[PDB]
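A structural walkthrough
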Number of protein chains: 2
Amino acid sequence: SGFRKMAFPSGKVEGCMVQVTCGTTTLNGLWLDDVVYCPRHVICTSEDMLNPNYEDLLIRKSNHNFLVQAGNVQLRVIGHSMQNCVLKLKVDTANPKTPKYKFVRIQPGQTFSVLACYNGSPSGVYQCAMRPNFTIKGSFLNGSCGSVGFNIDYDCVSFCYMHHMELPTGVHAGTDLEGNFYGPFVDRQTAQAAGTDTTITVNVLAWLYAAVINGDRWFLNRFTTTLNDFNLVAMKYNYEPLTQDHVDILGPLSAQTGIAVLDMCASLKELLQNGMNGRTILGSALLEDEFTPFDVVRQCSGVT
Amino acid sequence: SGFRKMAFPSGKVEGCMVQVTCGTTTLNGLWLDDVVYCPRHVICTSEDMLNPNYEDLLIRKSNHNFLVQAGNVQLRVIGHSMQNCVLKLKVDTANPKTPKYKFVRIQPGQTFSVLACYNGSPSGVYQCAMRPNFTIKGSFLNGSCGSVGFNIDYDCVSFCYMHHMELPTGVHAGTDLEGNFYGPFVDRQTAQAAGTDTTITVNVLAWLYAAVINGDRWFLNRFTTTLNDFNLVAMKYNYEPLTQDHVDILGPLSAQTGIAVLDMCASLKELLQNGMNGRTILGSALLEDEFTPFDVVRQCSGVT
Ligand SMILES: *CC(=O)N[C@H](C)c1cccc(Cl)c1
Ligand SMILES: *CC(=O)N[C@H](C)c1cccc(Cl)c1
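Residues numbered from 1 in each chain as written, not as in the entry; some residues may be left out. Chains lettered and ligands numbered in written order. Heavy atoms only, no water.

In the PDB archive, X-ray crystallography is given as the structure determination method for this entry, at a resolution of 2.0300 Å.

**Some thoughts on the sheet that holds strand β7 (residues 86-91) of chain B**
Residue and element names in this part refer to chain B. The strand order across the open sheet built from 7 strands is β5-β4-β1-β2-β3-β7-β6, with neighbouring strands paired in antiparallel fashion. Strand pairing shows two members of the sheet lacking a second neighbour, β5 (73-75) and β6 (77-83), which therefore form its edges. Pairwise comparison of adjacent strand axes, ignoring direction, gives a mean angle of 30° for this sheet. Bridge count between strand β3 (residues 35-39) and β7: 5 bridges; the pairing is antiparallel. Along β7, the bridge assignment pairs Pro39 with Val86. (Pairing = 2+ DSSP bridges. Helix = DSSP H or I, 4+ residues; strand = E, 2+ residues; numbered from the N terminus. Axes fitted to C-alpha atoms, helices over the stretch in contact; angles between N-to-C directions.)

**Focus on the interface of chain A and chain B**
With 42 residues of chain A at the interface, the matching set in chain B holds 42 residues. Between chain A and chain B, roughly 3000 Å² of surface is buried when both sides are summed, and carbon and sulfur atoms account for 56% of that area. On inspection of chain A and its partner chain B, the count reaches 2 salt bridges. Across the pair A:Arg4 and B:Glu290 runs a salt bridge whose closest N-O atoms are separated by 2.9 Å. Counting every contact that joins chain A to chain B gives 21 residue pairs in polar contact. Among the secondary structure elements, those contributing two or more residues to the side of chain A that touches chain B are α1 (11-14), β9 (111-118) and β10 (121-129) of chain A. A per-element tally of the side of chain A that touches chain B places β10(A) first, with 8 residues. In terms of residue class, the side of chain A that touches chain B is built from 17 nonpolar, 18 polar and 7 charged. (Contact = heavy atoms within 4.5 Å. Buried area = accessible area lost by both parts, 1.4 Å probe. Salt bridge = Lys/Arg side-chain N within 4 Å of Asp/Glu carboxyl O. Polar contact = N/O pair within 3.5 Å; in protein donor to acceptor, adjacent residues only side chain to side chain. Nonpolar A, V, L, I, M, F, W, Y, C, P; charged D, E, K, R; others polar.)

**Side note on the nonpolar core**
In a soluble, globular protein the nonpolar side chains are often hidden away together inside. Of all hydrophobic cores here, the largest spans 40 residues; its most connected members are A:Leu30, A:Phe150, A:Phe159, B:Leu30, B:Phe150 and B:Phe159. For B:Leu30, the residues in contact, after removing those within four places along its chain, are B:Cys16, B:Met17, B:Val35, B:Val36, B:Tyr37, B:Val148, B:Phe159, B:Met162 and B:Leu177. Counting residues in hydrophobic clusters, the runner-up holds 36 residues, among them B:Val233, B:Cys265, B:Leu271 and B:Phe291. (Core = buried A, V, L, I, M, F, W, Y, C linked by side-chain atoms within 4.5 Å. Buried < 20%, exposed > 50% of the residue type's maximum accessible area, 1.4 Å probe, protein only.)

**Considering the environment of B:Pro96**
Residue and element names in this part refer to chain B. With respect to the helices and strands, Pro96 occurs in the loop between β7 and β8 (100-103). Given the relative accessible area of 72%, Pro96 is considered exposed. The sequence separation of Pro96 and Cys16 amounts to 80 residues, and the corresponding C-alpha distance is 9.2 Å.

**Describing the relation of the copies chain A and chain B**
For these two chains of identical sequence, chain A goes onto chain B by a turn of 180° and a shift of 0.0 Å along the axis, with RMSD 0.0 Å. What the superposition gives is, in effect, a two-fold axis relating one chain to the other. Looking at the rotation axis and the C-alpha trace of chain A, the residue lying nearest is A:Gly11, at 1.7 Å. A high fraction, 100%, of the interface residues of chain A reappear at the interface in chain B, so the copies pair face to face through one surface. (Least-squares fit on C-alpha atoms.)

**With respect to helix α4 (residues 227-236) of chain B**
Residue and element names in this part refer to chain B. Those residues of α4 that sit buried are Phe230, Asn231, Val233 and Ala234. The buried residues of α4 occupy an angular sector of 155° when projected down its axis, which confines them to one face. Residues of α4 that are exposed and point more than 90 degrees away from the buried face comprise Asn228, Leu232, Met235 and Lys236. Immediately beyond the C-terminal end of α4, within one or two residues, lies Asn238, with a positive phi of roughly 50°. (Arc of directions from axis to C-beta.)

**Notes on unusual backbone geometry**
Residue and element names in this part refer to chain A. Positive phi outside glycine occurs at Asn84, with the angle close to 50°. With respect to the element layout, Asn84 can be found in the loop between β6 (77-83) and β7 (86-91). On the basis of relative accessible area, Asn84 is assigned to the partly exposed category, the value being 38%.

Here it is, written out as C-alpha cells:
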C-alpha cells in the first residue's frame, strides 16, 4: 500500500550518458551501440541561438571537433549527421552498456522518467507527463540539454524525450530521438508561446482509482453521470474531453475497484464543481494528472 | 528552472539487489562485497510473524537453507549471522558491482531515495522523508521487504533504510543497515501505533526558498517574526519547533534569495494562519516538507 510519483530505475540509462563538447558548448549525449545522439545546438554559440542556420553551422564542423567523453575515457568520432534537431555522432566503439532500447514518440498525456544530467553525469530521476500542449514541467538547469526521457518494459528502454530548451514561462520543450520536437517549438532562442495546457482527464480518474485502492475514499459520492454531461464539466474546467477509448483503458481499475467509470467521473465532477474542501487525496491537495491508467496498474500490482 | 521531487540515480543500487528465499518466503537482499543483507523475517512463516523467536527460528536454519540469486546466477552462502533485525549472509563471491558505500543512520526530517524491488528486481525509484515519528509514506506491496533507502555523494552510496513492514495505518517502518528499527517498531505483526507525526518546518521553509528561486513569490508578505512568535504558530499547526540550527542551515538560501529566514518564517506563519487561498506553490496545493535545505541547494545548482 501507499502511492508514490515513481520513476523507472535509471541504471540502464545512466550507462548511456556521455558528455559532448563542440567548441565551448558542453551538453549531454546518449551513447547507444556505436552512435552518440545529442541536441544539434551543441554546434552553436549563444549568439547563433538567436537565428541559427544549422546546415551552415555544421559544415564548419568535422568529426574531430566533436569531443565525446564517457566518464574518463574519450570516444573516437568517425561520422556525424544531422537528423532534424539531433546530431548522430558515429563512434568507433559500441557502448558495452547499451540496453535493449527503442525510439518511440509518446502521445500527450503519457508519462516517462527523466534522468537529469550535467556534463554527462546523472544528478537525479523524476517522473513526468507530456502536457497536452507538448511541454513538460521538468527541473532543467544550464547544461541539462541532451537529458533523455524513457519508459522501461522489463529489460527494454523506450527512449521518448531528449531535452532541448526552456520556454520563457519556465516549462520545457524537446524532441523524440529522431530529433522531431514535441509541439510547435524550434531550437532557437525566440518568442515561442505554448498553447493552452489542459488537465489529462483519464490520468486524474486513474489517480482517483489509485486513491480508492490505497484507502482514500471520502470523494466517492452517490451520483453517476454521462460522457456528454461530464464533458460539459470538463470543458468548463479545461479538462481533456473523455472518450470511450479513455473509458476502455480504465476498465481494469473499474473491475478491480467495482466502481463504474461514469460513477468515478461523477466523483470527479463534484470535486471540480466543489473543490477538495481543505481535504487531501493520496497526500495531494489538488487533482494529480501525471499517472496513466498503466502507471496505476503497474504500481498497484508490483511490475518489475 | 523548474523544481521536481527528484530521486538519486538508482543504477549503483540496482547492481546490488538480489533475491533471498528461506523456506517459502522470498524478499529482497542487498549484496555488498561478500555479504547479502536482508530482513531477518525471511526465516519466518506468516504464522511465526504473530510472536516470532528469531534466535530459535534461525537455529533451525543452515547456510544452504538461504537461496541467494542475483539475476539468473545463484550465490553460494558460507556464513549467516543475525544483527538486530537483519541477517548478514556471507557469500563466496564479492559483488563485482559493489559501489563505494557507507551505512548511515539518518535523522528524522532527512530525505533519501527508495529503490522499490520485487524478487530482487527494481520496479521504481522515489524520494522520501523520514517522518518525525520515524515512519515513511512509501509505496510497498507484498515482497517489497529488503528494499533499501539511500543518498549518493558523487560516487559514494550511503545506505540509510531497509524496508521491514507496513503499519495497519498504511505507513512504512524499517531499519538502518545494522538492523536497528527507526522508531519504536518491532518485526512482528502486532498493534504498533506511530506517534503524532509533525510537519518538518525547516524543509517547508527550504521548499519556500525553492519557490522564490523558481519564480513563485505570491506568498512573500510585508511581515517578519521571531523564532519565539513563529514557534507559537508552529505549535498550533503541529509543525516542528524551529531552532537556530535550522536557521543556520537555511543561510545559503537566505543569502542566494536575499530573504531573511524570519521573513520567510513570517511568510509561512501567514500561509498556516490563512491557507493557500486556492493558489499553488511549485504546482503544490499544500506546504511540501520532503525537501531538505541540502535538497533545495543541490537541485537549484545542478550537483551530479
Ligand atoms: C538546454 C538549453 O536550454 N540550451 C540552450 C541554452 C538553448 C537555448 C535556446 C534554444 C535551445 Cl534549442 C537551446
Ligand atoms: C514487507 C512485509 O510487510 N513483510 C511481512 C508481511 C511482515 C509482516 C509483519 C512484520 C514484518 Cl517485520 C514483516
